[PDB]
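Coordinates from work-v8.pdb are shown below (PDB, C-alpha atoms and all ligand atoms).
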ATOM      1  CA  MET A   1      -3.800  -0.535  15.282  1.00  0.00           C
ATOM      2  CA  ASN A   2      -1.121  -2.022  13.019  1.00  0.00           C
ATOM      3  CA  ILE A   3      -0.087  -2.256   9.285  1.00  0.00           C
ATOM      4  CA  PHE A   4      -2.557  -5.090   8.675  1.00  0.00           C
ATOM      5  CA  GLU A   5      -5.564  -3.188  10.139  1.00  0.00           C
ATOM      6  CA  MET A   6      -4.394   0.025   8.445  1.00  0.00           C
ATOM      7  CA  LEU A   7      -4.246  -1.545   4.953  1.00  0.00           C
ATOM      8  CA  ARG A   8      -7.480  -3.418   5.580  1.00  0.00           C
ATOM      9  CA  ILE A   9      -9.199  -0.037   6.177  1.00  0.00           C
ATOM     10  CA  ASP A  10      -7.537   1.537   3.142  1.00  0.00           C
ATOM     11  CA  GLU A  11      -8.041  -1.336   0.711  1.00  0.00           C
ATOM     12  CA  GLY A  12     -11.262  -3.023   1.839  1.00  0.00           C
ATOM     13  CA  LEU A  13     -12.039  -6.704   1.208  1.00  0.00           C
ATOM     14  CA  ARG A  14     -13.786  -8.016  -1.889  1.00  0.00           C
ATOM     15  CA  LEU A  15     -14.069 -11.745  -2.601  1.00  0.00           C
ATOM     16  CA  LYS A  16     -14.778 -11.481  -6.296  1.00  0.00           C
ATOM     17  CA  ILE A  17     -12.503  -9.893  -8.924  1.00  0.00           C
ATOM     18  CA  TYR A  18     -12.981  -6.104  -9.120  1.00  0.00           C
ATOM     19  CA  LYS A  19     -11.364  -3.104 -10.716  1.00  0.00           C
ATOM     20  CA  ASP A  20      -9.214  -0.979  -8.475  1.00  0.00           C
ATOM     21  CA  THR A  21      -9.119   2.858  -8.515  1.00  0.00           C
ATOM     22  CA  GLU A  22      -6.887   2.800 -11.612  1.00  0.00           C
ATOM     23  CA  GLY A  23      -9.248   0.373 -13.377  1.00  0.00           C
ATOM     24  CA  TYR A  24      -7.056  -2.756 -12.852  1.00  0.00           C
ATOM     25  CA  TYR A  25      -8.285  -6.241 -12.064  1.00  0.00           C
ATOM     26  CA  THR A  26      -7.750  -6.797  -8.376  1.00  0.00           C
ATOM     27  CA  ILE A  27      -9.040  -9.210  -5.705  1.00  0.00           C
ATOM     28  CA  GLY A  28      -9.179  -9.534  -1.933  1.00  0.00           C
ATOM     29  CA  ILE A  29      -7.448  -6.894   0.106  1.00  0.00           C
ATOM     30  CA  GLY A  30      -5.913  -4.823  -2.720  1.00  0.00           C
ATOM     31  CA  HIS A  31      -4.200  -7.768  -4.391  1.00  0.00           C
ATOM     32  CA  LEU A  32      -3.564  -6.536  -7.940  1.00  0.00           C
ATOM     33  CA  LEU A  33      -3.848  -9.379 -10.479  1.00  0.00           C
ATOM     34  CA  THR A  34      -2.905  -7.777 -13.774  1.00  0.00           C
ATOM     35  CA  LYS A  35      -2.881  -4.403 -15.528  1.00  0.00           C
ATOM     36  CA  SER A  36      -4.237  -5.986 -18.712  1.00  0.00           C
ATOM     37  CA  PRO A  37      -7.869  -5.179 -19.781  1.00  0.00           C
ATOM     38  CA  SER A  38      -8.659  -8.869 -20.121  1.00  0.00           C
ATOM     39  CA  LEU A  39     -10.807 -10.455 -17.470  1.00  0.00           C
ATOM     40  CA  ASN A  40      -9.531 -13.819 -18.687  1.00  0.00           C
ATOM     41  CA  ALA A  41      -5.962 -12.804 -17.997  1.00  0.00           C
ATOM     42  CA  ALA A  42      -7.122 -11.753 -14.449  1.00  0.00           C
ATOM     43  CA  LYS A  43      -8.828 -15.061 -13.784  1.00  0.00           C
ATOM     44  CA  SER A  44      -5.759 -16.937 -14.878  1.00  0.00           C
ATOM     45  CA  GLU A  45      -3.420 -14.764 -12.730  1.00  0.00           C
ATOM     46  CA  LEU A  46      -5.853 -15.473  -9.896  1.00  0.00           C
ATOM     47  CA  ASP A  47      -5.878 -19.296 -10.294  1.00  0.00           C
ATOM     48  CA  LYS A  48      -2.089 -19.123 -10.388  1.00  0.00           C
ATOM     49  CA  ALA A  49      -1.990 -16.987  -7.160  1.00  0.00           C
ATOM     50  CA  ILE A  50      -4.431 -19.266  -5.255  1.00  0.00           C
ATOM     51  CA  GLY A  51      -3.339 -22.576  -6.821  1.00  0.00           C
ATOM     52  CA  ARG A  52      -6.793 -23.802  -7.871  1.00  0.00           C
ATOM     53  CA  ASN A  53      -9.569 -23.134 -10.322  1.00  0.00           C
ATOM     54  CA  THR A  54     -11.321 -20.183  -8.792  1.00  0.00           C
ATOM     55  CA  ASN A  55     -13.470 -18.758 -11.556  1.00  0.00           C
ATOM     56  CA  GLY A  56     -12.889 -15.282 -10.082  1.00  0.00           C
ATOM     57  CA  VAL A  57     -14.090 -15.905  -6.523  1.00  0.00           C
ATOM     58  CA  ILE A  58     -11.966 -16.742  -3.452  1.00  0.00           C
ATOM     59  CA  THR A  59     -12.673 -17.312   0.204  1.00  0.00           C
ATOM     60  CA  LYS A  60     -11.837 -14.919   3.058  1.00  0.00           C
ATOM     61  CA  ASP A  61      -8.983 -17.209   4.256  1.00  0.00           C
ATOM     62  CA  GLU A  62      -7.540 -17.037   0.684  1.00  0.00           C
ATOM     63  CA  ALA A  63      -7.873 -13.228   0.551  1.00  0.00           C
ATOM     64  CA  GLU A  64      -6.073 -13.007   3.895  1.00  0.00           C
ATOM     65  CA  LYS A  65      -3.293 -15.314   2.736  1.00  0.00           C
ATOM     66  CA  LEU A  66      -2.538 -13.142  -0.319  1.00  0.00           C
ATOM     67  CA  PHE A  67      -2.707 -10.114   1.987  1.00  0.00           C
ATOM     68  CA  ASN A  68      -0.102 -11.613   4.342  1.00  0.00           C
ATOM     69  CA  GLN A  69       2.235 -12.348   1.379  1.00  0.00           C
ATOM     70  CA  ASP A  70       1.725  -8.821  -0.019  1.00  0.00           C
ATOM     71  CA  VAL A  71       2.451  -7.080   3.301  1.00  0.00           C
ATOM     72  CA  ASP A  72       5.514  -9.319   3.599  1.00  0.00           C
ATOM     73  CA  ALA A  73       6.595  -8.518   0.014  1.00  0.00           C
ATOM     74  CA  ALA A  74       6.166  -4.778   0.605  1.00  0.00           C
ATOM     75  CA  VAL A  75       8.398  -4.867   3.748  1.00  0.00           C
ATOM     76  CA  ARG A  76      11.043  -6.881   1.841  1.00  0.00           C
ATOM     77  CA  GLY A  77      10.831  -4.461  -1.104  1.00  0.00           C
ATOM     78  CA  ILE A  78      11.655  -1.574   1.291  1.00  0.00           C
ATOM     79  CA  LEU A  79      14.526  -3.450   2.984  1.00  0.00           C
ATOM     80  CA  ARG A  80      16.073  -4.467  -0.372  1.00  0.00           C
ATOM     81  CA  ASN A  81      15.854  -0.949  -1.826  1.00  0.00           C
ATOM     82  CA  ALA A  82      18.878   1.335  -1.318  1.00  0.00           C
ATOM     83  CA  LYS A  83      16.723   4.486  -1.274  1.00  0.00           C
ATOM     84  CA  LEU A  84      13.929   3.157   0.939  1.00  0.00           C
ATOM     85  CA  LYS A  85      15.829   1.104   3.479  1.00  0.00           C
ATOM     86  CA  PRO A  86      17.727   3.859   5.264  1.00  0.00           C
ATOM     87  CA  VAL A  87      14.587   6.057   5.561  1.00  0.00           C
ATOM     88  CA  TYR A  88      12.558   3.145   6.937  1.00  0.00           C
ATOM     89  CA  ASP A  89      15.321   2.289   9.532  1.00  0.00           C
ATOM     90  CA  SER A  90      15.254   5.914  10.674  1.00  0.00           C
ATOM     91  CA  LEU A  91      11.489   5.895  11.377  1.00  0.00           C
ATOM     92  CA  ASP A  92       9.532   4.961  14.524  1.00  0.00           C
ATOM     93  CA  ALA A  93       7.094   2.040  14.316  1.00  0.00           C
ATOM     94  CA  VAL A  94       3.976   4.024  13.404  1.00  0.00           C
ATOM     95  CA  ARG A  95       5.662   5.916  10.563  1.00  0.00           C
ATOM     96  CA  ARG A  96       7.182   2.654   9.297  1.00  0.00           C
ATOM     97  CA  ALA A  97       3.602   1.437   8.832  1.00  0.00           C
ATOM     98  CA  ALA A  98       2.913   4.507   6.633  1.00  0.00           C
ATOM     99  CA  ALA A  99       5.926   3.621   4.481  1.00  0.00           C
ATOM    100  CA  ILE A 100       4.719   0.021   4.012  1.00  0.00           C
ATOM    101  CA  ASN A 101       1.231   1.328   3.151  1.00  0.00           C
ATOM    102  CA  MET A 102       2.721   3.470   0.330  1.00  0.00           C
ATOM    103  CA  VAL A 103       4.904   0.639  -1.121  1.00  0.00           C
ATOM    104  CA  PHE A 104       1.925  -1.707  -0.946  1.00  0.00           C
ATOM    105  CA  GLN A 105      -0.195   0.737  -2.962  1.00  0.00           C
ATOM    106  CA  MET A 106       2.271   1.924  -5.530  1.00  0.00           C
ATOM    107  CA  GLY A 107       5.256  -0.415  -5.501  1.00  0.00           C
ATOM    108  CA  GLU A 108       8.926   0.020  -4.548  1.00  0.00           C
ATOM    109  CA  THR A 109       9.845   2.061  -7.625  1.00  0.00           C
ATOM    110  CA  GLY A 110       6.931   4.464  -7.248  1.00  0.00           C
ATOM    111  CA  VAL A 111       7.827   5.257  -3.614  1.00  0.00           C
ATOM    112  CA  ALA A 112      11.584   5.455  -4.303  1.00  0.00           C
ATOM    113  CA  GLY A 113      10.598   8.375  -6.690  1.00  0.00           C
ATOM    114  CA  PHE A 114       9.495  10.501  -3.742  1.00  0.00           C
ATOM    115  CA  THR A 115      13.161  11.579  -3.418  1.00  0.00           C
ATOM    116  CA  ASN A 116      12.562  14.889  -1.696  1.00  0.00           C
ATOM    117  CA  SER A 117       9.875  13.498   0.673  1.00  0.00           C
ATOM    118  CA  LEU A 118      12.161  10.589   1.638  1.00  0.00           C
ATOM    119  CA  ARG A 119      14.938  13.010   2.563  1.00  0.00           C
ATOM    120  CA  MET A 120      12.614  15.171   4.670  1.00  0.00           C
ATOM    121  CA  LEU A 121      11.261  12.046   6.345  1.00  0.00           C
ATOM    122  CA  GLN A 122      14.830  10.922   7.123  1.00  0.00           C
ATOM    123  CA  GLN A 123      15.563  14.355   8.640  1.00  0.00           C
ATOM    124  CA  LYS A 124      12.274  14.201  10.595  1.00  0.00           C
ATOM    125  CA  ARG A 125      10.946  17.420   9.071  1.00  0.00           C
ATOM    126  CA  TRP A 126       7.405  16.091   9.408  1.00  0.00           C
ATOM    127  CA  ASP A 127       5.293  19.081   8.388  1.00  0.00           C
ATOM    128  CA  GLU A 128       7.479  19.722   5.346  1.00  0.00           C
ATOM    129  CA  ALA A 129       7.415  16.038   4.259  1.00  0.00           C
ATOM    130  CA  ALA A 130       3.647  16.149   4.562  1.00  0.00           C
ATOM    131  CA  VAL A 131       3.382  19.174   2.225  1.00  0.00           C
ATOM    132  CA  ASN A 132       5.790  17.598  -0.289  1.00  0.00           C
ATOM    133  CA  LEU A 133       4.035  14.169  -0.193  1.00  0.00           C
ATOM    134  CA  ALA A 134       0.714  15.863  -1.178  1.00  0.00           C
ATOM    135  CA  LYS A 135       2.149  17.395  -4.362  1.00  0.00           C
ATOM    136  CA  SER A 136       1.769  14.130  -6.242  1.00  0.00           C
ATOM    137  CA  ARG A 137      -0.479  12.294  -8.655  1.00  0.00           C
ATOM    138  CA  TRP A 138      -0.911   9.844  -5.721  1.00  0.00           C
ATOM    139  CA  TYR A 139      -2.562  12.488  -3.545  1.00  0.00           C
ATOM    140  CA  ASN A 140      -4.650  13.972  -6.382  1.00  0.00           C
ATOM    141  CA  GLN A 141      -6.023  10.568  -7.500  1.00  0.00           C
ATOM    142  CA  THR A 142      -6.724   9.093  -4.044  1.00  0.00           C
ATOM    143  CA  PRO A 143      -6.907  12.131  -1.703  1.00  0.00           C
ATOM    144  CA  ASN A 144      -8.776  10.486   1.247  1.00  0.00           C
ATOM    145  CA  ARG A 145      -6.383   7.541   1.520  1.00  0.00           C
ATOM    146  CA  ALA A 146      -3.288   9.677   0.878  1.00  0.00           C
ATOM    147  CA  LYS A 147      -4.399  12.220   3.541  1.00  0.00           C
ATOM    148  CA  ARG A 148      -4.632   9.336   6.073  1.00  0.00           C
ATOM    149  CA  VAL A 149      -1.111   8.083   5.209  1.00  0.00           C
ATOM    150  CA  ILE A 150       0.339  11.619   5.181  1.00  0.00           C
ATOM    151  CA  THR A 151      -1.182  12.408   8.630  1.00  0.00           C
ATOM    152  CA  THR A 152       0.396   9.252   9.905  1.00  0.00           C
ATOM    153  CA  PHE A 153       3.873  10.385   8.658  1.00  0.00           C
ATOM    154  CA  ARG A 154       3.133  13.848  10.033  1.00  0.00           C
ATOM    155  CA  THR A 155       2.032  12.957  13.590  1.00  0.00           C
ATOM    156  CA  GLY A 156       3.438   9.501  14.175  1.00  0.00           C
ATOM    157  CA  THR A 157       0.058   8.477  15.635  1.00  0.00           C
ATOM    158  CA  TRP A 158      -2.910   6.444  14.355  1.00  0.00           C
ATOM    159  CA  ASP A 159      -5.335   9.352  14.669  1.00  0.00           C
ATOM    160  CA  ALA A 160      -6.318   9.322  11.000  1.00  0.00           C
ATOM    161  CA  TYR A 161      -7.396   5.695  11.378  1.00  0.00           C
ATOM    162  CA  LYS A 162      -9.503   5.967  14.541  1.00  0.00           C
TER     163      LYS A 162
HETATM  164 CL    CL B   1       0.874 -14.101  -5.744  1.00  0.00          CL
HETATM  165 CL    CL B   2      -8.811   7.609  -1.335  1.00  0.00          CL
END
So that I can check it, write out the structure of this file as structure tokens.
Ligand SMILES: [Cl-]
Ligand SMILES: [Cl-]
Amino acid sequence: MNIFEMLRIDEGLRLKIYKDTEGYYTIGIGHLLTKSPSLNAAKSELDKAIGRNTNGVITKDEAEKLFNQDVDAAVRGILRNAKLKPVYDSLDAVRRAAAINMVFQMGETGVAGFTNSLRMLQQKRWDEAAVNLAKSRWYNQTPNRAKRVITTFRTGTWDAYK
């Protein structure tokens, strides 16, 4: 298992524009297009992202290309962030994947707001971080996915994904 397979499980793959759990136009493997309620705005963000006239449908290769860029962007967002970077550097490889998963889902600023959780993660207080992580809109809105990510931070294993 790895970050790619982990996010593929958590996000799924859809080849036609869909609404994500928040109601936002999304495509592929959790690639958010726009927060605007306009499907036309989505389609135009999508043509721009793919570089051709898609009319709201993309191939699997194209979904996987966006996915690669988004995993890459999430890692870079962590490394460029003063609050995220030192926690990430402190983590083993499995728990680093949980951090990328979170940034992917909610962005760099969202995650950087888990101030107390970040500190407990840095100190390797795993059970306490896990309790704190769960007290969040994140966990209440997407409990199954959040439980999987939390268990990964808690145990440092891929058990929640097998
Ligand atoms: Cl893009
Ligand atoms: Cl979920």
Item to check | Neighbourhood of ligand CL 1 (chain B) at 12 Å, counting all atoms listed in the file, reported as JSON, numbers by chain | outcome: {"A": [26, 27, 28, 30, 31, 32, 33, 34, 44, 45, 46, 47, 48, 49, 50, 51, 62, 63, 64, 65, 66, 67, 68, 69, 70, 71, 72, 73]}
Please, which residues in chain A fall within 8 Å of ligand CL 2 (chain B) when counting only C-alpha atoms and all ligand atoms, and what is the closest atom pair and distance in Å to one decimal for each, ordered by chain then residue number, as JSON lines?
{"residue": "A:10", "atom": "CA", "partner": "B:CL2", "partner_atom": "CL", "distance": 7.7}
{"residue": "A:141", "atom": "CA", "partner": "B:CL2", "partner_atom": "CL", "distance": 7.4}
{"residue": "A:142", "atom": "CA", "partner": "B:CL2", "partner_atom": "CL", "distance": 3.7}
{"residue": "A:143", "atom": "CA", "partner": "B:CL2", "partner_atom": "CL", "distance": 4.9}
{"residue": "A:144", "atom": "CA", "partner": "B:CL2", "partner_atom": "CL", "distance": 3.9}
{"residue": "A:145", "atom": "CA", "partner": "B:CL2", "partner_atom": "CL", "distance": 3.7}
{"residue": "A:146", "atom": "CA", "partner": "B:CL2", "partner_atom": "CL", "distance": 6.3}
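Distance-wise, CA of residue 91 (chain A) and CA of residue 149 (chain A) end up 14.2 Å apart.
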Checklist entry - Which one of A:118, A:15, A:133, A:98 sits closest to residue 153 (chain A) if you count all atoms listed in the file? => result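 Ranking A:118, A:15, A:133, A:98 by distance to residue 153 (chain A), first place goes to A:98.
For the atom pair formed by CA of residue 75 (chain A) and CA of residue 115 (chain A), the distance is 18.6 Å, given to one decimal.
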Next on the checklist: Applying the PyMOL selection byres (((chain A and resi 9) around 12) and not hetatm) to the file I just gave you, which residues come out? Please list them as a PyMOL selection string.
Outcome noted: chain A and resi 1-8+10-13+29-30+101+144-145+148-149+160-162
Item to check | the PyMOL selection byres (((chain A and resi 24) around 9) and not hetatm) applied to the shown file, residues as a PyMOL selection string | outcome: chain A and resi 18-23+25-26+32-37
Checklist entry - How far is it from CA of residue 151 (chain A) to CA of residue 136 (chain A), in Å with one decimal? => result 15.3 Å
Centre, x/y/z edge lengths, axis-aligned box for region 30-49 of chain A with 4 Å per side, as JSON:
{"center_x": -6.4, "center_y": -11.8, "center_z": -11.4, "size_x": 16.8, "size_y": 22.9, "size_z": 25.4}
Item to check | Selection under test: the PyMOL selection byres (((chain A and resi 126) around 12) and not hetatm); residues as a list in words | outcome: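 Answer for the PyMOL selection byres (((chain A and resi 126) around 12) and not hetatm): residues 91, 95, 117, 118, 119, 120, 121, 122, 123, 124, 125, 127, 128, 129, 130, 131, 132, 133, 150, 151, 152, 153, 154, 155 and 156 of chain A.
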Checklist entry - Leaving out region 105-111 of chain A and any residue of its chain fewer than 3 positions from it, which residues lie within 6 Å of it when counting all atoms listed in the file, given as JSON, numbers by chain? => result {"A": [77, 102, 114]}
Next on the checklist: Under the rule that only C-alpha atoms are counted, which of A:58, A:90, A:103, A:84 is the nearest residue to residue 43 (chain A)?
Outcome noted: A:58
N, CA and C atoms for region 91-119 of chain A, written as a CSV table (one decimal), in the coordinates of the input, could you do that?
chain,number,residue,atom,x,y,z
A,91,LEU,N,12.9,5.6,10.9
A,91,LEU,CA,11.5,5.9,11.4
A,91,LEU,C,11.1,5.1,12.6
A,92,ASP,N,10.2,5.7,13.4
A,92,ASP,CA,9.5,5.0,14.5
A,92,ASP,C,8.5,4.0,13.9
A,93,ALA,N,7.9,3.2,14.8
A,93,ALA,CA,7.1,2.0,14.3
A,93,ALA,C,5.8,2.5,13.6
A,94,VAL,N,5.2,3.6,14.1
A,94,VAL,CA,4.0,4.0,13.4
A,94,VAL,C,4.3,4.6,12.0
A,95,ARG,N,5.3,5.4,11.9
A,95,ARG,CA,5.7,5.9,10.6
A,95,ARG,C,6.2,4.9,9.6
A,96,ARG,N,6.8,3.8,10.1
A,96,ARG,CA,7.2,2.7,9.3
A,96,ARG,C,6.0,2.0,8.6
A,97,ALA,N,4.9,1.9,9.4
A,97,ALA,CA,3.6,1.4,8.8
A,97,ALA,C,3.1,2.3,7.7
A,98,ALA,N,3.3,3.6,7.8
A,98,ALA,CA,2.9,4.5,6.6
A,98,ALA,C,3.8,4.2,5.4
A,99,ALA,N,5.1,3.9,5.6
A,99,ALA,CA,5.9,3.6,4.5
A,99,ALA,C,5.5,2.3,3.8
A,100,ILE,N,5.2,1.3,4.6
A,100,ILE,CA,4.7,0.0,4.0
A,100,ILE,C,3.4,0.2,3.2
A,101,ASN,N,2.5,1.0,3.8
A,101,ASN,CA,1.2,1.3,3.2
A,101,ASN,C,1.5,1.9,1.7
A,102,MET,N,2.3,2.9,1.6
A,102,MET,CA,2.7,3.5,0.3
A,102,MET,C,3.3,2.5,-0.7
A,103,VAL,N,4.3,1.6,-0.2
A,103,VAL,CA,4.9,0.6,-1.1
A,103,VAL,C,3.9,-0.4,-1.6
A,104,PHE,N,3.0,-0.8,-0.6
A,104,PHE,CA,1.9,-1.7,-0.9
A,104,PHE,C,1.1,-1.2,-2.1
A,105,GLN,N,0.7,0.1,-2.0
A,105,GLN,CA,-0.2,0.7,-3.0
A,105,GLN,C,0.5,1.0,-4.3
A,106,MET,N,1.7,1.5,-4.3
A,106,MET,CA,2.3,1.9,-5.5
A,106,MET,C,3.6,1.3,-5.9
A,107,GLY,N,4.0,0.3,-5.2
A,107,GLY,CA,5.3,-0.4,-5.5
A,107,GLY,C,6.5,0.3,-5.1
A,108,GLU,N,7.6,-0.4,-5.0
A,108,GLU,CA,8.9,0.0,-4.5
A,108,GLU,C,9.5,1.2,-5.4
A,109,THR,N,9.3,1.1,-6.7
A,109,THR,CA,9.8,2.1,-7.6
A,109,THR,C,9.1,3.4,-7.5
A,110,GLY,N,7.7,3.3,-7.5
A,110,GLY,CA,6.9,4.5,-7.2
A,110,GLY,C,7.4,5.2,-6.0
A,111,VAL,N,7.4,4.6,-4.9
A,111,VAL,CA,7.8,5.3,-3.6
A,111,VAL,C,9.3,5.8,-3.7
A,112,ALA,N,10.2,5.0,-4.1
A,112,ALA,CA,11.6,5.5,-4.3
A,112,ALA,C,11.7,6.7,-5.2
A,113,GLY,N,10.7,7.1,-6.0
A,113,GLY,CA,10.6,8.4,-6.7
A,113,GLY,C,10.2,9.6,-5.9
A,114,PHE,N,9.9,9.4,-4.6
A,114,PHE,CA,9.5,10.5,-3.7
A,114,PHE,C,10.8,11.0,-3.1
A,115,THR,N,11.8,11.3,-3.9
A,115,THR,CA,13.2,11.6,-3.4
A,115,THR,C,13.2,12.7,-2.3
A,116,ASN,N,12.6,13.8,-2.6
A,116,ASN,CA,12.6,14.9,-1.7
A,116,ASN,C,11.8,14.6,-0.4
A,117,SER,N,10.7,13.9,-0.5
A,117,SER,CA,9.9,13.5,0.7
A,117,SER,C,10.7,12.5,1.6
A,118,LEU,N,11.4,11.6,0.9
A,118,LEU,CA,12.2,10.6,1.6
A,118,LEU,C,13.2,11.3,2.5
A,119,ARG,N,13.9,12.3,1.9
A,119,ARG,CA,14.9,13.0,2.6
A,119,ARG,C,14.3,13.8,3.7
